[PDB]
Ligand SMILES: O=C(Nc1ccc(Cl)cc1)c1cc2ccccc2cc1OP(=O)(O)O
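Take a look at this single chain, the form solved without the ligand, given in structure tokens.
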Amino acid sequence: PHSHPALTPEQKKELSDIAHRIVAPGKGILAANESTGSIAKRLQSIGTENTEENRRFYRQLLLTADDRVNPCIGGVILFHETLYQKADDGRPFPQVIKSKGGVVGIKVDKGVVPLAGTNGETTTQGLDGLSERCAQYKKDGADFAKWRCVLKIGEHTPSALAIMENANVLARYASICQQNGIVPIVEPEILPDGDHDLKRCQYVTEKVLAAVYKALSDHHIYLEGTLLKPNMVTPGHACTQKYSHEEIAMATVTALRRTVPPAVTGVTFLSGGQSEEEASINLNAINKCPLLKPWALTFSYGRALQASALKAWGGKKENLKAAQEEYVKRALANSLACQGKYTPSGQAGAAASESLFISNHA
């Protein structure tokens, strides 16, 4: 019951200042850390070879959009490869991101692994030598990190074991990050897979988050120097009953109010299969919910920000302008949504309404 300060006042100030800059009013996160195995399917959809140059070019396309995205993007998450690549003008991507007022993030987990004795459940690995990697990434320009755990709703899931194990490992990952001046984004994703309804997702989300913050407390984590990346509370993808955006918003904010301490600097929602438009409309409704919310409620989207741009590009170099324009459109929209000032209008492509849901392959 004795205190052995894990961080110093200076270390706390550095972590808190970083977390606040990432989720400053009107700002959100662009999750462009897709691996080669993942980005491959993306490039394939538009019939493009999955080469290092193509991946480089595509990342450059998103990172070098006009200055209209500056007020919209507070942070950009990159994959190891991209952190060490450069734009056509020789500027390292981390430098390109910062020159536009954004903070650089890096994925540090090494994927999910199966939990023996469970019904298809998993935990995440990547703690080995994480300290040394964080210290090096910090030097190379990164200020925050990404780590994803995955849970699923079923007849016997998520189980007591899965919840406890995933909560404990997130805490370890957060502790090591903070020791190296890196803001950890805690990500306990609850998949939308299944036919459960809204209230069931809310119940599970509440139990999961209560377990996550108890674990963070046991591990002496500095919450002001962290961010939370949860799933919005929605019905199952196969649920028959329909709900409005106001209901999803109310269920989501209620779950958070019952589990997330005010000390947490911000919440950056994951789209999880929602369409570009659907993701923006819900984020907006959440920010308009009548209930009191002591934390920033913004975005951290991957495909929900790139869908239209990826299609507009098509792998054709002469379509750069068209591609970037679609990206900019979604950034501005979400910027307004994280402020509760978004109202969808006329020119909203069909690709923006397409469901980006993919059944969890396992």
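Sequential numbering from 1, following the sequence displayed.
Although it is not shown, the form solved in complex with the ligand is what the next lines describe.
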Pose source in the bound PDB entry; superposed partner the ligand; site open or blocked by backbone or C-beta within 2.4 Å
blocked
One residue of 158, 94, 272, 266 in contact with the ligand, assessed in the bound PDB entry (non-hydrogen atom, 4.5 angstroms)
272
Heavy atom within 4.5 Å of the ligand in the bound PDB entry: which of 329, 42, 293, 56 fits that? Just give me the one.
42
Site check 34, 303 and 307: each within 4.5 Å of the ligand in the bound PDB entry by heavy atom:
yes
Since the chain is shown here on its own, which stretch among 63-71, 329-337, 307-315, 48-56 would lie within 4.5 Å of the ligand in the bound PDB entry, judged by heavy atoms?
307-315
